[PDB]
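In: In the first instance, please consider these chains from the complex; the rest will follow:
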Amino acid sequence: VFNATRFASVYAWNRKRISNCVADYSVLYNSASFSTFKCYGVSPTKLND
């Protein structure tokens, strides 16, 4: 998702299904690489719980 060579264009934005897996959101959210990481019904600290 985040490092794939080619993104979709915003008029035809791609959707991937995320399923049957252990996510780690500390591995994402603690990265220095993101200018925006903005949440709308959960704090990004709580995503691992």
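Out: Cool, the structure landed. Residues are numbered from 1 along each chain as shown, chains lettered A, B, ... in the order given.
In: what helix or strand does residue A:18 sit in?
Out: Secondary structure assignment for residue A:18, by DSSP states H and E: no helix or strand.
In: That one: how many residues sit nearby?
Out: Neighbour count of residue A:18, defined by other C-beta atoms under 10 Å: 7. Backbone N, C-alpha and C define where each C-beta goes, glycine included.
In: Tell me how many other residues crowd residue A:1.
Out: Neighbourhood size, residue A:1 [other C-beta under 10 Å]: 8.
In: these two touch, right, it and residue A:16?
Out: Yes: look at residue A:1 against residue A:16 with C-beta atoms under 8 Å: they come within range, at 6.1 Å.
In: residue boundaries of the helices in chain A?
Out: Ranges of helices in chain A, per DSSP state H, are A:25-29.
In: Please work out how many residues are found near residue A:34.
Out: Using other C-beta under 10 Å, residue A:34 is surrounded by 11 other residues.
In: can I assume residue A:48 is in contact with residue A:25?
Out: Yes: Residue A:48 is in contact with residue A:25 according to C-beta under 8 Å; the separation is 5.3 Å.
In: mind adding chain B? sequence follows:
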Amino acid sequence: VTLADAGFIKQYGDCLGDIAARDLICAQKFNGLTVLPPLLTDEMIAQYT
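Out: This next block brings in chain B, placed alongside the chains you saw above:
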């Protein structure tokens, strides 16, 4: 006249399981609301009468 709780003890085994679905008095008590018994029993009111 049919009463809704007289106050005369709830001992968990009479309120868990099937009763935790089919009784309002367990939804009241599990939310911090309790009936207290009257000081005179109905048998003492009948002795006065």
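In: Tell me the spacing between the residue of chain A positioned farthest from its centre and residue B:12.
Out: For chain A, the largest distance from the centre (C-alpha atoms, centre = their mean) belongs to residue A:11, which lies 19.7 Å off. Look at residue A:11 and residue B:12: by C-beta to C-beta, to the nearest Å, they are 61 Å apart.
In: now do residue B:26
Out: To residue B:12, residue B:26 is 10 Å away according to C-beta to C-beta.
In: Between these two, point out the one with more neighbours.
Out: residue B:26 (17 against 10; other C-beta atoms under 10 Å in any protein chain shown).
In: Please name the residues that touch residue 35.
Out: The chain I'm using is chain A. Residue A:35 makes contact with no residue under the criterion C-beta atoms under 8 Å, 6 or more residues apart in numbering or on different chains.
In: that's the other chain; I wanted chain B
Out: Residue B:35 touches B:5-7, B:25, counting by C-beta under 8 Å, 6+ apart.
In: which of these lies closest to residue A:33?
Out: residue B:25 (56.5 Å; C-beta to C-beta).
In: Extend the structure above with chain C:
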Amino acid sequence: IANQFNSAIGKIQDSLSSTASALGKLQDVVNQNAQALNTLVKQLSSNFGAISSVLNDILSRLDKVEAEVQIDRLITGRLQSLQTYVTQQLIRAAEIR
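Out: Alright, chain C goes in next:
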């Protein structure tokens, strides 16, 4: 006079065995107290403008500072639900007295 008293006491038993609603003054008091308690339990389902009615979900999903603003909304409305219940019960206690 004795046979008329004995027959009139017979009609009390027959009526109390036959009609349903005669103790409606006592049943209305039991119904009002039950309906007021059911109303108070049901006010826990209200969000009062918070993200959830469920206090544990606010604490599962939000950090200390975000959760305080949501919990304050539930405290405000639940405290108002108790102040309403206790005022209505103080007003009913005067009718019963």
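In: Revisit the neighbour count of residue A:18 given that chain C is now included?
Out: Using other C-beta under 10 Å, residue A:18 has 7 neighbouring residues.
In: now it: how far from chain C?
Out: With distances taken as C-beta to the nearest C-beta, to the nearest Å, residue A:18 is found 18 Å from chain C.
In: Show me what from chain C comes close to chain A.
Out: Proximity of chain C to chain A, by C-beta under 8 Å from any C-beta of the partner chain, involves residues C:51, C:60-63, C:66.
In: Drop anything exposed from these.
Out: Applying 16 or more other C-beta atoms under 10 Å in any protein chain shown to the residues of chain C next to chain A, the neighbour count classes C:51, C:61-62, C:66 as buried.
In: quick one: the helices in chain B?
Out: For chain B, the helices defined by DSSP H occupy B:24-29, B:42-48.
In: Tell me which of those lies nearest to chain C.
Out: Taking C-beta to the nearest C-beta, helix B:24-29 is the member of those nearest to chain C, at 5.6 Å.
In: how far out from the middle of the chain is the closest one?
Out: Helix B:24-29 has its C-alpha centroid displaced from the chain centroid by 10 Å (C-alpha atoms, centre = their mean, to the nearest Å).
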